[PDB]
Amino acid sequence: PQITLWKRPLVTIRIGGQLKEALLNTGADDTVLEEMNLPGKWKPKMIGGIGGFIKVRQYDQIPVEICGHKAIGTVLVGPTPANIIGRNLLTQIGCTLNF
Amino acid sequence: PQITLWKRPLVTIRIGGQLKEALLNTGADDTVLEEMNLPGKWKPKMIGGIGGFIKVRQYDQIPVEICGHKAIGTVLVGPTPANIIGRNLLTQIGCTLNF
Amino acid sequence: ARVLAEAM
């Protein structure tokens, strides 16, 4: 699909058997989702941005469906102001920037 | 050009004669640049991200060249770790997301 | 406004 940037680039993702709204963010290395319960063991990690750092739970090899395209990788969960799909999963669905 | 996301999407920008590297951020509403002394009036603003908020200065109608593409718009200047080109300017250079 | 830049 071709997505313009007049509005926030939000899409629907299926994390397990759960639908969520997420922002395609090329300015993020990682994928961070609001606090939610996920299966598996998680390691505490720390990620930062504007404003500073926050502590998050890391989950590996998690399946995520982004607008129909399947991906499997790392997902961080924590006090993020918004759900964001980072470059770790965007590359998996062959997403690129063009202009 | 087509930009992949294997690495951070850093490009060269021309602001007021000085050239710097900026991150193409679809996850940013605004364009935030590292501290610099631009001419003109500016209103104080608060922008938020992952670790909270930071105060920045807002300048309007600022000329900026992104990899050879001329654009003009609002530019926030504050203590940001990196230079960020938000959607306000990306919609001006025809930048889209594709997959 | 939100600038969701992020890095680990």
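Derivation of every value follows stated rules applied to the coordinates shown; laboratory data play no part. Methodologically, a virtual Cβ is constructed for each residue, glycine included, from the backbone with ideal geometry; neighbour enumeration extends over all protein chains shown.
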Could you derive backbone 3J(HN,Hα) for the stretch A:60-73 from the dihedral phi with the Karplus parameters 6.51, -1.76 and 1.60 (θ = phi - 60°), listing whole Hz in sequence and x where the residue is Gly or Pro? 9, 6, 8, x, 9, 9, 10, 6, x, 8, 8, 9, 9, x
Would you mind checking the pairs B:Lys20/B:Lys45; A:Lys20/B:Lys41; A:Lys45/B:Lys55; A:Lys7/B:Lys20; A:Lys55/B:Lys45 and listing those with alpha carbons more than 30 angstrom apart? A:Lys20/B:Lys41
Per-residue mean of other chain beta-carbon atoms within 10 angstrom of the beta-carbon, peptide B:43-56? 6
Cα centroid of the stretch A:1-35 to Cα centroid of the stretch B:10-52, whole Å: 23 Å
For chain A, share of DSSP beta bridges that run antiparallel, in % to the nearest 5: 85 percent
Whole-angstrom Cα spans of chain A along principal axes, big to small: 38, 32, 19
Ascending list, in nanometres, of distances separating the B:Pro44 label from those of the other copies (7 Å, Cα toward Cβ): 3.6
Whole-Hz ³J(HN,Hα) for each residue in the stretch A:44-56, computed from phi via Karplus 6.51 cos²θ - 1.76 cosθ + 1.60 with θ = phi - 60°, x for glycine and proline: what do you get? x, 10, 9, 10, x, x, 6, x, x, 10, 9, 9, 9
The ³J(HN,Hα) series, computed from each phi in the stretch B:14-26 with the Karplus coefficients 6.51, -1.76 and 1.60 at θ = phi - 60°, rounded to the nearest Hz and given as x for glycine or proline, is 10, 10, x, x, 8, 10, 9, 9, 10, 8, 6, 10, 5
Sorted by chain and then number, the residues having a modelled amide H within less than 5 Å of the amide H of A:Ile62, at least 5 places away or on another chain, are A:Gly73, A:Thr74, A:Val75
Can you figure out the FRET efficiency of A:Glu35 with B:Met46, using R₀ = 30 Å and their beta-carbon distance, to the nearest 0.05? 0.80
Along Cα-to-Cβ, 7 Å out, sits the label point; list in nm, shortest first, how far the one on A:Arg14 is from those in the other copies. 4.8
Which value in nm describes the separation of the simple spin-label points at B:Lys55 and C:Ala7, placed 7 Å from the Cα toward the beta carbon? 2.6 nm
Test of understanding: what is the full-extension gain from A:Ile72 to A:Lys7, defined as 0.36 nm times their sequence separation minus their Cα-Cα distance? 20.7 nm
Per residue of A:74-84, how many C-beta atoms from partner chains lie within 10 Å of its own C-beta, taken as a mean? 3
At a 10 angstrom cut-off on C-beta neighbours, averaged per residue, how do the peptides B:81-88, A:48-55, B:23-30 rank from highest to lowest? B:23-30, B:81-88, A:48-55
Roughly how crowded by other chains is peptide B:29-42, in terms of the mean Cβ count from those chains within 10 Å of each of its Cβ atoms? 1
Taking each label point as 7 Å beyond Cα in the direction of the beta carbon, state the distances from A:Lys70 to the same residue in the other copies, shortest first, in nm. 4.9
Once you have a ≥ b ≥ c as the square roots of the Cα gyration tensor eigenvalues for the stretch B:43-99, tell me rounded if a/c is under 1.5, and otherwise prolate or oblate according to whether a/b is larger than b/c. oblate
Hey, any idea what the orientation-averaged projected area of the convex hull of the protein assembly as shown's Cα atoms comes to, in nm²? 10.5 nm²
Can you show me the helix-derived [θ] at 222 nm for chain B, built from DSSP H runs with n ≥ 4 at -39,500 (n - 2.57) apiece and divided by the number of residues, rounded to the nearest 500. -500 deg cm²/dmol
